[PDB]
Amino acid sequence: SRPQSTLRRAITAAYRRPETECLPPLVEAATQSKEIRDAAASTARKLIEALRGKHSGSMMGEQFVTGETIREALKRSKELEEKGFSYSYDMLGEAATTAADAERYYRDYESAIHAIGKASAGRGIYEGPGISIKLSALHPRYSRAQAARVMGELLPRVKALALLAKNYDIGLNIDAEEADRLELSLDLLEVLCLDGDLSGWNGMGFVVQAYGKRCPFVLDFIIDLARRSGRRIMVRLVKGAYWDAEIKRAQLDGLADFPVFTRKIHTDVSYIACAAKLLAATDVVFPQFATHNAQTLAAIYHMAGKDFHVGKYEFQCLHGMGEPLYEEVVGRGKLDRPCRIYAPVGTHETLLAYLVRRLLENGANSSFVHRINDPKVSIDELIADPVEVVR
């Protein structure tokens, strides 16, 4: 059969599979024992009470950017690195419209890797800083051009950045963008992981969005790719940043079934099911659990069990959103688990698209970060396991 026929067919079949059909296997995989659920509720309660206790109970988003340049961002990272946080730097900029813009973004990433690699100073991919890139920044027609043209021009660029990251032994993560570019980005991940020029480096990383119906099947493909390539792929599990745009796009596409879930707790169930899959594959992937939701965090912390070492998995958060929560996580007296801060770098000329996504995240009534400040939402509701709502 075609290479990985079964795994690839499962991804395509899930693309727009009816939401009601996607959920039952996720619910089962996300169901944890009463004893674990009780312990997780206690941890989530503590995290929420501590969050408010230490923070007395901005739209312009200056708090979301770590620096205007990589040199400035690296200087401002020393304090939290001393405490046990790590960083992933994001040179802001996406959706290049011209070939010249794509070349400028490439050069920004290239210079950033040199600076980050020098700052890392041999700390390696888990304890030291890394970089995150967006494929839409590196091809001028990313959303519109045929995959053959995008691949043939994007692959040499991404390979070159990955080689530089290998040379400094830092992480290089491909951020996940709109649903219609998942397939191309995954094909690119495969080619890079099988490229012998990158052998010996486990810093290649890839995001999977749990609001997407394909998420568990993409994870199956990635875990199998790790096994056959010999690369321990860093896998950032997120819920997803483009929900409002995906809903609008699917409506304008005339779709009867969308590529993302439309009930928020379904995304939560999907995230926990996929975390269970990742936690069973830590021999071949490095799970990175990106979330600001204290209930999600506590559920994964207890799911992962008592055995931990740095390099087994980590949590992640966004700069300007997650530090209060993760100050109750990192460190021996807390949960003794590491957290990597995603750290945007740039100016107003490149901040807009990201800030809009942060407003849609922070301003939505369904978001944990909004509900924690909502007087109508009890602590009981914040710590409730969403899997029990649909079980």
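Heads up: residue numbers just count along the shown sequence, starting at 1. Heads up, when I say rigid core I mean the largest set of C-alphas that superpose within 1.5 Å between the two forms.
Between stretches 140-148 and 106-114, the one whose Cα atoms sit farther from the displayed model in 9 other deposited structures of this protein on average is 140-148 (core-aligned, root mean square).
In this entry, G333 and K334 are joined directly, with no residue of the deposited sequence lacking coordinates between them. In this entry, 150-158 shows the higher mean Cα temperature factor of the pair 150-158 and 226-234.
Between 61-69 and 336-344, it is 61-69 that carries the larger average Cα temperature factor according to the deposited entry.
By the numbers in the PDB entry, the CA B factor is greatest at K78 among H266, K277, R181, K78. Out of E177, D187, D307, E246, it is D307 whose C-alpha atom has the highest B-factor in the PDB entry.
Among the modelled residues of its chain, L355 has a C-alpha B-factor that falls in the middle third according to the deposited record. Per the PDB record, residue ranking by Cα B-factor puts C317 in the lowest third of the chain. Placement of the Cα temperature factor of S132 within the chain: lowest third of the modelled residues, per the deposited record. The deposited CA B-factor of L325 belongs to the lowest third of values across its chain. Ranked against the other modelled residues of its chain, the C-alpha B-factor of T12 as given in the entry falls in the middle third.
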